[PDB]
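Just so you know, UniProt numbering puts the end of the sequence shown at 413, numbered straight through with nothing missing. Contents: one structure, followed by commentary.
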Amino acid sequence: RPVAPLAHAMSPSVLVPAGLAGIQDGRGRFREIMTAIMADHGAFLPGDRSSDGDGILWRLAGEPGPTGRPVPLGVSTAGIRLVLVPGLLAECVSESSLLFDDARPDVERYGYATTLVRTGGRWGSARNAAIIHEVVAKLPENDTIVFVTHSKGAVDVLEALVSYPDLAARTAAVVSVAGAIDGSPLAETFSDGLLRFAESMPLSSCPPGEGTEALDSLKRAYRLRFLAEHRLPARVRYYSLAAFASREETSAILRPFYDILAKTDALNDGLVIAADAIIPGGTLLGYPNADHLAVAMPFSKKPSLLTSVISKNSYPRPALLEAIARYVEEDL
(Lines of atoms letter the chains of each structure in order from A and count residues from 1; the text may use other names and numbers.)
(Lines give C-alpha, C1' and ligand atoms only; values in the text may rest on other atoms or scores of the structure.)
Protein backbone atom coordinates (compact mmCIF):
# COMPACT_ATOMS: atom_id res chain seq x y z
CA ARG A 1 0.00 0.00 0.00
CA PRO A 2 1.16 3.59 -0.63
CA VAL A 3 2.19 5.22 2.65
CA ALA A 4 0.03 8.40 2.61
CA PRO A 5 -3.26 6.77 3.72
CA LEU A 6 -1.47 4.74 6.39
CA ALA A 7 0.26 7.91 7.64
CA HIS A 8 -3.01 9.84 7.87
CA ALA A 9 -4.66 7.07 9.88
CA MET A 10 -1.75 6.53 12.26
CA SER A 11 -1.65 8.02 15.74
CA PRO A 12 1.82 8.96 17.12
CA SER A 13 3.24 5.99 18.97
CA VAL A 14 6.48 5.12 20.66
CA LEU A 15 8.32 1.90 21.60
CA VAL A 16 9.38 2.20 25.28
CA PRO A 17 10.76 0.09 28.13
CA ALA A 18 7.74 -1.42 29.91
CA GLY A 19 8.38 0.63 33.06
CA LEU A 20 7.79 3.84 31.12
CA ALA A 21 4.29 2.78 30.11
CA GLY A 22 3.22 2.09 33.69
CA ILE A 23 3.68 -1.67 33.53
CA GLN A 24 4.12 -3.62 36.75
CA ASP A 25 6.74 -6.36 36.43
CA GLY A 26 5.24 -9.60 37.76
CA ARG A 27 7.46 -11.97 35.77
CA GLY A 28 9.31 -13.30 38.80
CA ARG A 29 6.29 -14.24 40.89
CA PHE A 30 4.48 -15.71 37.90
CA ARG A 31 7.50 -17.95 37.05
CA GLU A 32 7.61 -19.01 40.68
CA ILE A 33 3.92 -19.95 40.72
CA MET A 34 3.96 -21.79 37.39
CA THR A 35 7.16 -23.62 38.27
CA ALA A 36 5.77 -24.83 41.65
CA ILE A 37 2.51 -25.92 39.99
CA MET A 38 4.40 -28.16 37.59
CA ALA A 39 6.69 -29.53 40.28
CA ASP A 40 3.61 -30.29 42.40
CA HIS A 41 1.21 -31.93 39.91
CA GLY A 42 2.52 -31.36 36.39
CA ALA A 43 3.26 -35.01 35.55
CA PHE A 44 -0.09 -35.93 34.02
CA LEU A 45 -1.02 -32.52 32.69
CA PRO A 46 -1.17 -32.24 28.89
CA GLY A 47 1.91 -30.57 27.42
CA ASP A 48 4.12 -31.13 30.50
CA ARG A 49 7.78 -30.20 29.90
CA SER A 50 10.79 -29.07 31.91
CA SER A 51 10.37 -25.66 33.54
CA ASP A 52 14.16 -25.09 33.70
CA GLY A 53 15.74 -22.17 31.86
CA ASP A 54 13.56 -20.85 29.05
CA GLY A 55 11.56 -24.11 28.84
CA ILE A 56 8.20 -22.65 29.86
CA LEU A 57 8.92 -18.92 30.16
CA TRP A 58 11.66 -16.95 28.44
CA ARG A 59 14.14 -15.20 30.70
CA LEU A 60 14.22 -11.64 29.38
CA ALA A 61 16.52 -9.12 31.06
CA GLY A 62 15.70 -7.49 34.38
CA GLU A 63 13.48 -10.30 35.62
CA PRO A 64 12.73 -9.98 39.38
CA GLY A 65 13.86 -12.87 41.59
CA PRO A 66 11.39 -15.29 43.22
CA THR A 67 9.74 -13.89 46.38
CA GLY A 68 10.08 -17.12 48.34
CA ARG A 69 6.49 -16.76 49.52
CA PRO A 70 4.54 -20.06 49.45
CA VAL A 71 2.69 -20.94 46.28
CA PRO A 72 -0.96 -21.95 46.96
CA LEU A 73 -1.40 -25.49 45.64
CA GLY A 74 -4.77 -26.45 47.06
CA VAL A 75 -8.32 -25.89 45.89
CA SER A 76 -9.42 -22.29 45.57
CA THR A 77 -12.54 -21.23 47.41
CA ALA A 78 -12.48 -17.63 46.05
CA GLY A 79 -15.44 -18.15 43.69
CA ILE A 80 -13.39 -16.99 40.69
CA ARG A 81 -14.71 -17.74 37.20
CA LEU A 82 -12.37 -17.63 34.22
CA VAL A 83 -14.25 -16.27 31.22
CA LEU A 84 -12.38 -17.51 28.17
CA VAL A 85 -12.59 -15.39 25.02
CA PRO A 86 -10.94 -16.64 21.81
CA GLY A 87 -9.66 -14.79 18.78
CA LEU A 88 -9.74 -14.48 15.00
CA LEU A 89 -11.02 -17.58 13.15
CA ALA A 90 -11.34 -19.58 16.40
CA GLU A 91 -15.03 -20.04 15.73
CA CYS A 92 -14.23 -21.46 12.30
CA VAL A 93 -12.05 -24.27 13.70
CA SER A 94 -14.28 -25.12 16.67
CA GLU A 95 -14.52 -28.77 15.52
CA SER A 96 -10.75 -29.11 15.93
CA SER A 97 -9.97 -26.65 18.72
CA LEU A 98 -11.59 -24.80 21.61
CA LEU A 99 -9.71 -22.20 23.66
CA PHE A 100 -7.74 -23.77 26.55
CA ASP A 101 -9.85 -26.89 26.18
CA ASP A 102 -7.25 -29.28 27.60
CA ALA A 103 -6.56 -26.88 30.52
CA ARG A 104 -10.09 -26.57 31.92
CA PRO A 105 -10.22 -29.89 33.82
CA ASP A 106 -7.10 -28.90 35.78
CA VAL A 107 -8.22 -25.46 36.83
CA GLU A 108 -11.69 -26.76 37.76
CA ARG A 109 -10.09 -29.40 39.95
CA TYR A 110 -8.52 -26.52 41.85
CA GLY A 111 -11.64 -24.44 42.37
CA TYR A 112 -11.72 -22.16 39.35
CA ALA A 113 -14.95 -22.25 37.32
CA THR A 114 -14.66 -21.70 33.55
CA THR A 115 -16.97 -20.38 30.86
CA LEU A 116 -16.08 -20.36 27.17
CA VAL A 117 -17.49 -17.47 25.13
CA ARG A 118 -18.30 -18.12 21.47
CA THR A 119 -17.37 -15.01 19.48
CA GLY A 120 -17.68 -14.41 15.74
CA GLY A 121 -14.50 -15.78 14.20
CA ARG A 122 -14.98 -13.38 11.28
CA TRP A 123 -16.70 -10.47 13.08
CA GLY A 124 -15.41 -7.06 14.25
CA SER A 125 -14.63 -6.18 17.86
CA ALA A 126 -17.79 -4.07 18.40
CA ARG A 127 -20.06 -6.93 17.39
CA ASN A 128 -18.13 -9.41 19.60
CA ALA A 129 -18.05 -6.96 22.51
CA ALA A 130 -21.86 -7.03 22.56
CA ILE A 131 -21.80 -10.85 22.64
CA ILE A 132 -19.43 -10.78 25.60
CA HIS A 133 -21.58 -8.19 27.36
CA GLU A 134 -24.66 -10.43 27.06
CA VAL A 135 -22.86 -13.58 28.22
CA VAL A 136 -21.35 -12.07 31.37
CA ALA A 137 -24.70 -10.49 32.26
CA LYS A 138 -26.05 -14.04 32.68
CA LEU A 139 -23.22 -15.40 34.85
CA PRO A 140 -23.88 -15.84 38.61
CA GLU A 141 -23.69 -12.50 40.46
CA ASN A 142 -21.41 -13.74 43.25
CA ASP A 143 -18.68 -15.01 40.90
CA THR A 144 -15.50 -13.03 40.60
CA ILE A 145 -15.10 -12.48 36.85
CA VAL A 146 -11.61 -12.91 35.39
CA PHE A 147 -11.35 -12.74 31.60
CA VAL A 148 -8.68 -14.92 30.03
CA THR A 149 -8.41 -13.91 26.42
CA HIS A 150 -6.42 -14.94 23.36
CA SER A 151 -5.41 -12.92 20.31
CA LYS A 152 -8.29 -10.77 19.02
CA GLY A 153 -10.35 -11.88 22.05
CA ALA A 154 -8.32 -9.55 24.21
CA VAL A 155 -9.40 -6.47 22.31
CA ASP A 156 -12.94 -7.76 21.88
CA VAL A 157 -12.99 -7.64 25.73
CA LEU A 158 -11.24 -4.25 26.07
CA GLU A 159 -13.72 -2.70 23.64
CA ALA A 160 -16.54 -4.24 25.69
CA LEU A 161 -15.14 -2.79 28.96
CA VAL A 162 -14.94 0.63 27.36
CA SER A 163 -18.42 0.39 25.81
CA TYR A 164 -20.36 -1.06 28.75
CA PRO A 165 -19.78 0.51 32.17
CA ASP A 166 -21.97 -2.19 33.72
CA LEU A 167 -19.61 -4.88 32.38
CA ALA A 168 -16.63 -2.89 33.71
CA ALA A 169 -18.22 -2.68 37.16
CA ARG A 170 -18.81 -6.45 37.01
CA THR A 171 -15.25 -7.38 35.98
CA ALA A 172 -12.33 -7.96 38.36
CA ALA A 173 -9.55 -8.68 35.88
CA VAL A 174 -8.51 -9.14 32.26
CA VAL A 175 -5.67 -11.44 31.34
CA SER A 176 -4.30 -11.17 27.83
CA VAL A 177 -2.62 -14.28 26.38
CA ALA A 178 -0.88 -13.43 23.09
CA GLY A 179 -3.49 -10.68 22.85
CA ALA A 180 -3.39 -8.44 19.80
CA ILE A 181 -3.35 -5.29 21.92
CA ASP A 182 -1.70 -3.10 19.25
CA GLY A 183 -3.05 -5.22 16.40
CA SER A 184 -0.56 -6.74 13.93
CA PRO A 185 1.13 -5.37 10.83
CA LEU A 186 0.02 -8.59 9.11
CA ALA A 187 -3.56 -7.27 9.11
CA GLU A 188 -2.41 -4.70 6.56
CA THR A 189 -0.03 -6.97 4.62
CA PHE A 190 -2.57 -8.75 2.42
CA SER A 191 -4.92 -7.37 -0.26
CA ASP A 192 -8.47 -6.21 0.54
CA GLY A 193 -9.76 -8.58 -2.13
CA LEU A 194 -8.19 -11.54 -0.36
CA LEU A 195 -9.43 -10.34 3.03
CA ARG A 196 -12.94 -9.71 1.62
CA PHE A 197 -13.20 -13.18 0.11
CA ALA A 198 -12.03 -14.76 3.38
CA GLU A 199 -14.62 -12.73 5.27
CA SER A 200 -17.55 -13.75 3.10
CA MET A 201 -16.94 -17.34 2.00
CA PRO A 202 -19.49 -19.89 3.28
CA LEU A 203 -18.23 -22.01 6.18
CA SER A 204 -20.34 -24.45 8.18
CA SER A 205 -18.70 -23.46 11.49
CA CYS A 206 -18.65 -19.65 11.41
CA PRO A 207 -20.94 -17.00 9.90
CA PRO A 208 -19.45 -14.50 7.39
CA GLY A 209 -18.39 -10.97 8.28
CA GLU A 210 -19.14 -7.74 6.45
CA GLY A 211 -16.41 -6.05 4.40
CA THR A 212 -13.21 -6.61 6.35
CA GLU A 213 -14.65 -5.92 9.84
CA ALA A 214 -12.59 -8.58 11.65
CA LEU A 215 -9.26 -7.47 10.14
CA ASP A 216 -10.11 -3.77 10.56
CA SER A 217 -10.17 -4.47 14.27
CA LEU A 218 -6.61 -5.80 14.08
CA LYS A 219 -4.99 -2.94 12.15
CA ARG A 220 -2.24 -1.24 14.10
CA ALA A 221 -3.56 2.26 13.28
CA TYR A 222 -7.01 1.32 14.55
CA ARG A 223 -5.80 -0.41 17.72
CA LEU A 224 -3.32 2.38 18.65
CA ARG A 225 -6.03 4.99 18.09
CA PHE A 226 -8.37 3.06 20.43
CA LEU A 227 -5.75 3.15 23.18
CA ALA A 228 -4.97 6.83 22.53
CA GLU A 229 -8.65 7.77 22.73
CA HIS A 230 -10.11 5.62 25.53
CA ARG A 231 -8.88 5.12 29.05
CA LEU A 232 -9.20 1.49 30.10
CA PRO A 233 -11.47 1.25 33.17
CA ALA A 234 -9.22 1.74 36.21
CA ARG A 235 -11.05 -0.50 38.68
CA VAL A 236 -10.32 -3.55 36.45
CA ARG A 237 -6.83 -5.14 36.76
CA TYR A 238 -4.97 -6.02 33.54
CA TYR A 239 -2.38 -8.73 33.03
CA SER A 240 -0.47 -9.79 29.93
CA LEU A 241 1.49 -12.77 28.63
CA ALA A 242 3.33 -12.30 25.35
CA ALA A 243 4.36 -15.53 23.59
CA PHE A 244 7.19 -16.29 21.22
CA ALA A 245 9.22 -19.33 20.24
CA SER A 246 12.30 -19.84 18.10
CA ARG A 247 11.66 -20.32 14.40
CA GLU A 248 12.18 -24.08 14.64
CA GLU A 249 9.71 -24.39 17.56
CA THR A 250 7.14 -22.34 15.65
CA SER A 251 4.38 -24.28 13.80
CA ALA A 252 4.92 -24.80 10.06
CA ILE A 253 1.71 -22.97 9.19
CA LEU A 254 2.90 -19.91 11.15
CA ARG A 255 6.48 -19.79 9.88
CA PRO A 256 5.83 -17.73 6.76
CA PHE A 257 4.18 -15.07 8.95
CA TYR A 258 6.85 -15.43 11.61
CA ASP A 259 9.38 -14.69 8.88
CA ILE A 260 7.69 -11.42 7.95
CA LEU A 261 7.56 -10.19 11.56
CA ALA A 262 11.10 -11.39 12.32
CA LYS A 263 12.47 -8.94 9.74
CA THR A 264 12.22 -6.28 12.49
CA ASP A 265 11.31 -8.27 15.65
CA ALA A 266 12.29 -11.89 16.33
CA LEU A 267 10.27 -11.79 19.55
CA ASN A 268 6.98 -12.66 17.90
CA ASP A 269 4.66 -15.67 18.11
CA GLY A 270 4.02 -15.89 14.38
CA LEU A 271 1.13 -13.40 14.26
CA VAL A 272 1.69 -10.92 17.13
CA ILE A 273 4.90 -9.05 18.08
CA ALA A 274 5.59 -9.27 21.85
CA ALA A 275 5.81 -5.46 22.28
CA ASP A 276 2.33 -5.28 20.66
CA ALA A 277 0.85 -7.78 23.10
CA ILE A 278 1.03 -5.99 26.41
CA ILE A 279 -1.83 -4.01 27.93
CA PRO A 280 -0.40 -0.64 29.05
CA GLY A 281 -0.85 0.19 32.76
CA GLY A 282 -1.18 -3.53 33.52
CA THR A 283 1.01 -6.29 34.93
CA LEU A 284 3.49 -8.17 32.74
CA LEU A 285 3.39 -11.83 33.69
CA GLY A 286 5.98 -12.96 31.15
CA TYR A 287 6.78 -14.63 27.88
CA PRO A 288 5.54 -18.20 27.24
CA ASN A 289 7.96 -20.15 25.07
CA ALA A 290 5.33 -21.08 22.52
CA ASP A 291 3.96 -19.87 19.20
CA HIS A 292 0.61 -18.08 18.81
CA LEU A 293 -1.51 -21.25 18.76
CA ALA A 294 0.43 -23.45 21.16
CA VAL A 295 0.05 -21.03 24.07
CA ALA A 296 -3.76 -21.36 24.13
CA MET A 297 -5.44 -23.42 21.37
CA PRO A 298 -5.06 -27.22 21.50
CA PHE A 299 -5.18 -29.13 18.20
CA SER A 300 -5.10 -32.92 18.55
CA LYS A 301 -7.53 -34.45 16.03
CA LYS A 302 -5.62 -37.03 14.01
CA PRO A 303 -5.45 -37.35 11.21
CA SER A 304 -6.01 -33.82 9.92
CA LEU A 305 -4.18 -31.67 7.40
CA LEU A 306 -4.91 -28.77 9.73
CA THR A 307 -3.56 -30.56 12.78
CA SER A 308 -0.49 -31.66 10.86
CA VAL A 309 0.53 -28.16 9.72
CA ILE A 310 0.06 -26.81 13.25
CA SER A 311 3.21 -28.82 13.89
CA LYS A 312 4.48 -27.28 17.15
CA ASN A 313 1.29 -27.17 19.25
CA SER A 314 2.69 -28.77 22.40
CA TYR A 315 2.83 -26.44 25.41
CA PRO A 316 1.78 -26.85 29.08
CA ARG A 317 -1.49 -24.88 28.72
CA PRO A 318 -3.06 -26.41 31.89
CA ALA A 319 -0.15 -25.29 34.03
CA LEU A 320 -0.23 -21.87 32.34
CA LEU A 321 -3.96 -21.37 32.96
CA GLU A 322 -3.70 -22.57 36.56
CA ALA A 323 -0.74 -20.23 37.16
CA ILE A 324 -2.76 -17.37 35.68
CA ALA A 325 -5.73 -18.12 37.99
CA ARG A 326 -3.52 -18.41 41.08
CA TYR A 327 -1.51 -15.24 40.28
CA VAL A 328 -4.64 -13.15 39.78
CA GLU A 329 -6.39 -14.53 42.87
CA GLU A 330 -3.25 -13.75 44.86
CA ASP A 331 -2.96 -10.29 43.29
CA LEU A 332 -6.63 -9.52 43.91
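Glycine included, every Cβ here is placed at the ideal spot set by N, Cα and C.
Return yes when the C-beta of residue i is under 7 Å from any heavy atom of the ligand SAM, and no when it is not.
i    : result
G274 : Inclusion of the ligand SAM in the displayed structure is not the case, the ligand content being empty and no account of it being possible.
Roughly how many whole angstroms lie between the Cα atoms of residue i and residue j?
i    : j    : result
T148 : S178 : 36 Å
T196 : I405 : 15 Å
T158 : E222 : 16 Å
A279 : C173 : 11 Å
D297 : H122 : 42 Å
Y396 : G292 : 35 Å
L413 : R316 : 11 Å
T388 : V236 : 27 Å
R185 : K393 : 21 Å
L87  : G146 : 42 Å
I212 : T345 : 36 Å
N349 : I360 : 16 Å
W139 : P369 : 6 Å
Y408 : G136 : 20 Å
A343 : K219 : 42 Å
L305 : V258 : 18 Å
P167 : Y320 : 16 Å
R150 : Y303 : 42 Å
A117 : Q105 : 22 Å
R398 : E411 : 20 Å
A261 : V353 : 6 Å
Spatial neighbours of residue i within its chain, please: C-beta separation below 6 Å, excluding the five flanking residues on both sides.
i    : result
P314 : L242 and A249
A171 : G202
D224 : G160 and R162
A268 : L296, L299 and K300
Span of the alpha helix (DSSP H) holding residue i?
i    : result
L242 : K233 to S244
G367 : Looking at the DSSP string, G367 is not in any alpha helix (DSSP H); the run it does join, the beta strand (DSSP E), is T364 to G367.
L275 : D273 to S281
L308 : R301 to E310
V152 : Run containing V152: none; DSSP gives neither H nor E here.
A117 : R108 to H122
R190 : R185 to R190
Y396 : No alpha helix (DSSP H) holds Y396; DSSP gives it neither H nor E.
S389 : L386 to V390
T270 : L267 to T270
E215 : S206 to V217
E172 : It is not in any alpha helix (DSSP H) - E172 carries neither H nor E in the DSSP assignment.
Among the options, which residue has its Cα nearest to the Cα of residue i?
i    : options                   : result
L276 : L386, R203, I360 and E411 : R203
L141 : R112, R185 and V174       : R112
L374 : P361, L365 and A323       : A323
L169 : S206, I341 and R301       : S206
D263 : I213, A358 and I391       : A358
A99  : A333, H231, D412 and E144 : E144
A355 : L96, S392 and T388        : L96
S232 : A211, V255 and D224       : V255
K382 : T270, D182, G192 and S244 : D182
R312 : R398, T270 and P246       : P246
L386 : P399, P361 and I334       : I334
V156 : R301, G134 and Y191       : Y191
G362 : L308, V390, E411 and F380 : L308
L154 : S286, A124 and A120       : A120
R110 : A90, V152, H89 and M91    : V152
Leaving aside the five residues before and after residue i along the sequence, list all residues of the same chain whose C-beta is less than 8 Å from its C-beta, in chain order.
i    : result
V217 : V164, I226, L248, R251 and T252
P289 : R203, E280, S281, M282 and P283
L402 : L163, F181, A184, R185, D187, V188 and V229
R208 : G201 and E294
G134 : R140
Taking the continuous beta strand (DSSP E) assigned at residue i, which residues delimit it?
i    : result
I161 : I161 to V166
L322 : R318 to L322
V258 : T252 to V258
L197 : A194 to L197
Cutting at 7 Å between CB atoms, please list the residues of its own chain near residue i, excluding the five before and the five after it.
i    : result
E189 : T195
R108 : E144, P145, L365, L366 and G367
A210 : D237, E240, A241 and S244
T331 : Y339, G351, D372 and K393
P266 : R301
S272 : none
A400 : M115, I118, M119, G123 and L126
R199 : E172
Sufficient close CB pairs (3 or more, under 8 Å) joining the region 376-396 to the region 320-338: yes
Three or more C-beta pairs below 8 Å linking the region 334-353 and the region 115-131: no
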